[PDB]
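Notes follow the structure.
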Amino acid sequence: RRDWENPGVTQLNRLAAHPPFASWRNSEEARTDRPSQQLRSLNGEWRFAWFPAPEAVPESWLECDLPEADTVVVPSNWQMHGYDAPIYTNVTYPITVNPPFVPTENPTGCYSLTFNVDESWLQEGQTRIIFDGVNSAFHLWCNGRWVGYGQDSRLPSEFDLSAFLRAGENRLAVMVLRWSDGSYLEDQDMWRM
Amino acid sequence: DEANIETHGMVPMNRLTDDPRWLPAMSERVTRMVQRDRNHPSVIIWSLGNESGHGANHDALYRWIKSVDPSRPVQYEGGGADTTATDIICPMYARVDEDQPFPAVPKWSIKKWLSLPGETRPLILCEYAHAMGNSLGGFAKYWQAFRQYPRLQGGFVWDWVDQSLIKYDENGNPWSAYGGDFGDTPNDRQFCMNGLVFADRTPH
Amino acid sequence: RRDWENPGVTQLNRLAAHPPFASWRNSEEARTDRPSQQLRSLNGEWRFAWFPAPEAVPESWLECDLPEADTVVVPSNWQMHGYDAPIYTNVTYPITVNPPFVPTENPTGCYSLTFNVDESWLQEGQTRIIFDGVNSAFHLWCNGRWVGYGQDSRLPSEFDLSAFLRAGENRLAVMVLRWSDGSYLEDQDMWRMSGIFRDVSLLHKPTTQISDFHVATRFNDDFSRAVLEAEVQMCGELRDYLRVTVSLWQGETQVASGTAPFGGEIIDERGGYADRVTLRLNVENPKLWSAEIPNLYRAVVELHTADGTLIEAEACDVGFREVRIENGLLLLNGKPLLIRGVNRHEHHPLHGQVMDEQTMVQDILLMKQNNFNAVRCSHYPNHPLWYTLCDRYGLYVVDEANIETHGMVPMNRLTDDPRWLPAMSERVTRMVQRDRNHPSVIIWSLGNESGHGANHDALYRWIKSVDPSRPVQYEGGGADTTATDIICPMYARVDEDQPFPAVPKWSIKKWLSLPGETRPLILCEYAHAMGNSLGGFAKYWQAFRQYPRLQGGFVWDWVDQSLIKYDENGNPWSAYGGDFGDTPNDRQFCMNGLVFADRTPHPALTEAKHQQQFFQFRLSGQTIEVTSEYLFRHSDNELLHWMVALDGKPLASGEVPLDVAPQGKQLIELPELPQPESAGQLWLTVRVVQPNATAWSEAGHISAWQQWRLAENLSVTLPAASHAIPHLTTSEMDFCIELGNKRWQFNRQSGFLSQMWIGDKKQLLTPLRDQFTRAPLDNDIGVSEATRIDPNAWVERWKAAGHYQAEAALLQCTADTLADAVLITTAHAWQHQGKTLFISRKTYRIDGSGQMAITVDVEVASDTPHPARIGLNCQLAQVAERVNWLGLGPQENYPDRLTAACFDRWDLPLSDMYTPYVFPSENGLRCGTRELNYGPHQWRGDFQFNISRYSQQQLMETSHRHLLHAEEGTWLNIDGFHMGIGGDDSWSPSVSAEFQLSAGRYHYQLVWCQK
Ligand SMILES: CC(C)S[C@@H]1O[C@H](CO)[C@H](O)[C@H](O)[C@H]1O
Ligand SMILES: CC(C)S[C@@H]1O[C@H](CO)[C@H](O)[C@H](O)[C@H]1O
Ligand SMILES: [Mg+2]
Ligand SMILES: [Mg+2]
Ligand SMILES: [Mg+2]
Ligand SMILES: [Mg+2]
Ligand SMILES: [Mg+2]
Ligand code: NA
Ligand code: NA
Ligand code: NA
Ligand code: NA
Ligand code: NA
Ligand code: NA
């Protein structure tokens, strides 16, 4: 569906937006703004591999860590890890202007993470994942299964993972496209990363 | 708080913002921001984005915000800084006393802008005193005007910090890099460095 | 992908919307609107197969026809072909409410077509296919490859097939889903059908082409000068030799022209549109457009080369007119409109929702002939030809987006949700992009019954911004929200407030002056014409006339949405909700029109025509004053015909030319009028006649009328001899009166006139008894059901009080002989389980002339609901051919719906005294009658009556007219008083107090005699 070449599609299966949440199960904790046992950070060491275009991504990646990937810190901009160059352009777009299309050579970041989920999170309620910022568009899979897609590099994209996760170890796969139709609305004078 | 919408490189600038096919994509960039940030007391004004001309999509979104969150004014500079899509005249780089009468989108002296026939809004520059390198010449002129004219309510200097990036010489020595320094081409060179502080936050 | 369960996806690969194109390659054809070889119709015989769900469609269908498919005509709605049933639901959604999902059992219509394409269409340029209307969603494939998808059942979906076609034979495959996420935006009160219901066409455009054009007209203050501005956009490769020429013609003369290369003015820091250009043409003394005189010009848009070679031409009809709201009033060309509108759905009893030119023209002509000047597109953009017709015949139009979410809880659940903004936005923007150059369209509407949500505010502003020439209206959320330029309530009453929480319906008079309010008020819906209705219609017109800011409304609605069904012999019958096995359904609520489905009028149409008259009159002695309500035309196709008659006997008559300027007055002096040398009331009747034919009427068309009572000469003279005295015979069981031929028999056990004879001939089939009820109208029933009773409905109040089950108990029955007559006196009480409801006291006096005078005095308990009527009824033994009466007519008329009827002597066939409303009820009443004639019988007095072969009992026991059967003899209902019928709405009591029989004591008298 090449969803990243269609301004009619800015997301798939994304949950509604809302103010910052933490689902405290203790009122005092919410009152004092302490950490919540229900809001976990997945930031830290993830696996990452760079590709020149979405078409170059191997299907095996969906189910298996790519041995060539590297372990990197997330969050991060892949240009700052040296995978490709960041671009400094002010007004002129960094890609040919031909909405809603983007170059066929579109740098693609394949991120993945193996992590654990407590059984208590699955026995009751809903578990969702939240991406505070992904530039500029991405598809998300969980345990080899496709979950959804999102655009707008500067607002959080949330997906319900309740039906995709298992107690114990799980593996997320995130395919991030450098350029998308969202890039046409992201022409700010700053480094393009 | 400003929506993630900037289409500066279009010709003309409002080519997408005036096209209803892009209204949906624009809309989510504004609505989802309001839905995430509306409870923060620090946010006093919403902005529809930047440098995307003035298109009908901006008017509709201006109205959507006014209707859902009446507690904060809405501003937007595109299309000449005083369009129907803004509660505040919010020019970028309009001078104190000197008019810059560009066609369609003039930048009048801020003192004169306030009093154009029929105008009554407050004026706050969304960007002024471009702090690129050895700059800020005439900064006091703005302040003096802001103090004297009630409706000149200030502005947002451009900008806080140089966007330079660290590079390492052959011998591992870090240095400050700018456009083109990564083989990026075309590039706009040192225009990414416009701040009041260097990237490491040491002051200029 | 299940795109049909995702409001974020409303289409795939669909082309941008634009005004009607034809890609002419000859300027003249463009100018004269001739057909274009570049625009072909694919309408006709297609292959179709029905499936219960998209998952059941075989892959095979993509490449080859299904042996099981049938061959059917397109356009069509599959329910009209019998594949599945159409559903009649008003508010509640026809599918479970669970957005954005729809049922997994989702009727899918697989349509296919094998057609030829000339290689010349493929060798260059672009070939697109155009689906004007597919309900509700669909996927398209061509020669087996997938092309795209589209939603919004009421706007065209276009796709470029350039790369999919081959020279020679090609095959299209269209998978149409009955239900989709767009259905949540399509909850209009009408049959729920589906299919490819509007035209399908193929359009060839060059590669370098006119992709859009917008025409505007601005004027000077007195409209003596104008400027036509045409913005034109192209697609294709720009070249410096490219040019655009816009020429404007008045008939065959070119009045103006402009040519320029592409490149618009600077818009912003980045420059301007290199791919657009705006031509400006001055026009002095333009012929202005209005519904009164729909002057049109022709704008031709040519794309060509500097050296003069034509690339392609597009064009449109242009109506020079300005619409604006100023100082609280809606102005057209500077003058305040008075909207005589009607809401009109696209409906055909045989074809469902497919529209055809003939039906459209029929509708427009009837409208115009009945004094309507406006139509509201309830509640979706219409078939494109509609607008063409309105532009040329002259009707003001409200174009309305296809968005209705009535069934939601609360109603704005989706409209206030930003997730639905995209979907809603296209239903609005694409309509504007399509219809913006039609002069008939004067107001845009955001949709209907979808509460008021932030999405509406955003869209309101969008239109305001893109097309400042037309006000925007929207009724949802209380009719005067921030999303409407016009206070446009539905069913707000004239004087009575309905203070519902959050969305009150104030009296329209009161609404205008609420603190801070300043907008004009035009009802988007009023005078719900369901069944025997429009009672109180005149109350609206008087108010519209008196208050400048009350600028009219759109009656609900034009035509009944009944559908044709056939009995065992093949005779067709009118069907309503539930008739196709659809359930749940809203029964007869789909029939609310001024006209039946086949365009035969209901009697209420005439009440509208009269109230909507364009000439008003006053009478002072011999002077008639005519006032014109036209804003722009002089009465140059009008003369006034006047006639004076005494008790229907024509005394004198004449004609006078009318020469009244718009908004002017003319005084007409009537001659001396040789007063009647006899008793009776003289009546003056005037009619405005159009001597000359028009595009919408025949020579002789009557456009307005009015009557007045002139001198009355009461009769004093009494004479004529006591020839014979009647004889009275008394038995224990009866009182018997005889005079010559005639005999009258009163039963002493029941106290009623039980039989009457002429000669040896019996005359009654059922005795003459008092009657206080009527077979309930739709307004009397409202939304009450056996299953869910509405105790507030009139019918319910009546039933509860025992009105229909009341038993007459005899209190008194005496016979007295007078000097020249026999006097019978009776008294009955009607009671219900102990309570006395009514008491009827009468006297019957039979004199030597054989005349029976009946006096009746009735008491109605103050505490029982006011009765439907106070009259007598019987079943006459005989059936005669004509009915002749001196009174109001000739059509059916009720107390609150009689202004259009005229007092005169009328004579019609019996059949005519019965109005065949599809859901039967009391009908055919005629009021203010002084003499009625049927057979040898004659009744004189001052009453109301109805006469037919159907008993009230039967009308009330029968749900469909086709099931009625003539009874023996003739049922005559003769009323001294009859309650109003109401109609302000059909879901709550709407009969105004002054029309309820609440006086407590009532008197009437009749004289029955033979002929
Ligand atoms: C270079 C001008 C023509 S556009 C100018 O460039 C600046 C460069 O720092 C900033 O980005 C301003 O916002 C932009 O208007
Ligand atoms: C019956 C009311 C609660 S809703 C009422 O139904 C009518 C039935 O013809 C029309 O559809 C009106 O537009 C609607 O307001
Ligand atoms: Mg996209
Ligand atoms: Mg910029
Ligand atoms: Mg959809
Ligand atoms: Mg409705
Ligand atoms: Mg024709
Ligand atoms: Na100030
Ligand atoms: Na900069
Ligand atoms: Na009025
Ligand atoms: Na209805
Ligand atoms: Na005349
Ligand atoms: Na009935």
Side-chain angles (χ1 to χ4, degrees), chain C residues 532 603 741-745 747 752-775 844 850-852 854 856 868-894 905-917 920-941 943-958 961-976 978 1004 1006-1011:
Chain C
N532 189 345
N741 18 1
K742 296 147 194 181
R743 162 173 175 202
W744 307 247
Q745 182 197 242
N747 192 277
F752 300 111
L753 166 66
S754 69
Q755 178 60 243
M756 182 251 175
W757 289 257
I758 311 231
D760 43 315
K761 235 34 120 181
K762 281 128 145 152
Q763 301 268 334
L764 301 190
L765 310 199
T766 282
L768 186 62
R769 304 166 78 86
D770 304 76
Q771 190 178 216
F772 303 108
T773 48
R774 78 184 168 196
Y844 305 81
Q851 316 222 331
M852 177 179 50
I854 312 169
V856 174
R869 47 146 49 91
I870 294 177
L872 306 169
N873 79 321
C874 61
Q875 184 183 20
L876 296 168
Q878 97 132 168
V879 178
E881 250 331 287
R882 321 285 305 185
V883 180
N884 180 283
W885 76 105
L886 176 70
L888 296 168
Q891 325 200 28
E892 166 190 285
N893 57 88
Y894 285 79
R905 160 117 31 209
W906 304 104
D907 178 305
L908 305 188
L910 179 67
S911 60
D912 283 0
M913 302 309 292
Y914 156 68
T915 298
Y917 290 115
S921 83
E922 142 83 27
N923 71 79
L925 201 80
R926 266 84 169 168
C927 296
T929 299
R930 303 321 280 292
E931 173 203 320
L932 171 57
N933 304 285
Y934 191 61
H937 302 297
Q938 172 184 109
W939 302 268
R940 288 176 287 110
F943 48 91
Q944 348 303 324
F945 79 89
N946 76 43
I947 188 166
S948 70
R949 320 254 330 262
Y950 308 121
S951 67
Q952 293 283 294
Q953 172 180 345
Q954 190 188 169
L955 293 168
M956 80 175 92
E957 282 185 345
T958 307
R961 69 177 191 183
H962 67 111
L963 300 176
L964 286 178
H965 69 261
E967 308 186 20
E968 249 180 295
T970 305
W971 282 106
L972 171 74
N973 297 294
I974 194 145
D975 295 336
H978 200 103
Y1004 68 99
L1006 295 164
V1007 172
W1008 191 334
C1009 58
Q1010 171 248 65
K1011 279 162 316 139

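Any value given below was found using the heavy atoms of this structure, including those in side chains, with hydrogens, waters and symmetry copies removed. Within every chain, numbering begins at 1; the chains are lettered A, B, ... in the order of the sequence lines, protein sequences first and strands thereafter.
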Which distance, rounded to the nearest 0.5 Å, do you find between the [atom1] of [X] and the [atom2] of [Y]?
X: C:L908; Y: C:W906; atom1: CG; atom2: CH2; answer: 8.5 Å
X: C:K762; Y: C:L876; atom1: NZ; atom2: CG; answer: 15.5 Å
X: C:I854; Y: C:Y844; atom1: CD1; atom2: OH; answer: 6.0 Å
X: C:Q1010; Y: C:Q851; atom1: CD; atom2: CD; answer: 11.0 Å
X: C:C1009; Y: C:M852; atom1: SG; atom2: CE; answer: 9.5 Å
X: C:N873; Y: C:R774; atom1: CG; atom2: CZ; answer: 15.0 Å

Between [Y] and [X], do the side chains contain a donor N or O and an acceptor N or O under 3.5 Å apart?
X: C:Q938; Y: C:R940; answer: yes
X: C:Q878; Y: C:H937; answer: no
X: C:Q771; Y: C:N973; answer: yes

Show your reasoning for whether side-chain contact (heavy atoms from CB on, under 4.5 Å) applies to C:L932 and C:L972. CA-CA 11 Å; C:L932 171 57; C:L972 171 74; 3.6 Å; yes
Any donor and acceptor pair, going by atom type alone, linking the side chain of [X] with main-chain N or O of [Y] inside 3.5 Å?
X: C:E967; Y: C:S951; value: yes
X: C:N884; Y: C:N933; value: no
X: C:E922; Y: C:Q952; value: no
X: C:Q944; Y: C:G928; value: yes
X: C:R869; Y: C:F772; value: no
X: C:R743; Y: C:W757; value: no

Counting heavy atoms not belonging to C:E968, are there more than 12 under 6.0 Å from its CD?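 Atom CD in C:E968 is not crowded, with 12 or fewer foreign heavy atoms closer than 6.0 Å.
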So, do [X] and [Y] sit near enough that their side-chain heavy atoms are less than 4.5 Å apart?
X: C:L872; Y: C:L1006; value: yes
X: C:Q755; Y: C:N747; value: no
X: C:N923; Y: C:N946; value: no
X: C:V883; Y: C:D912; value: no

Take C:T970 and C:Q875 through the side-chain contact (heavy atoms from CB on, under 4.5 Å) test and state the conclusion after the steps. CA-CA 5 Å; C:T970 305; C:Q875 184 183 20; over 6 Å; no
Give me the atom names and distance for the closest heavy-atom approach of [X] to [Y].
X: C:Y950; Y: C:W971; value: C-CD1, 3.7 Å
X: C:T929; Y: C:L888; value: OG1-N, 4.4 Å
X: C:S921; Y: C:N532; value: OG-CB, 4.4 Å
X: C:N893; Y: C:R926; value: ND2-CG, 3.5 Å
X: C:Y1004; Y: C:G976; value: CG-CA, 3.6 Å
X: C:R949; Y: C:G969; value: NE-O, 2.9 Å

Parallel, tilted or perpendicular, judged at 30° and 60°: which one describes the rings of C:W939 and C:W1008?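 The rings of C:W939 and C:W1008 sit tilted, inter-plane angle from 30° to 60°.
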Pair C:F943, C:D975 - check side-chain contact (heavy atoms from CB on, under 4.5 Å), show working. CA-CA 6 Å; C:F943 48 91; C:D975 295 336; 5.9 Å; no
Could you walk me through whether C:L764 and C:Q745 pass the side-chain contact (heavy atoms from CB on, under 4.5 Å) check? CA-CA 11 Å; C:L764 301 190; C:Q745 182 197 242; over 6 Å; no
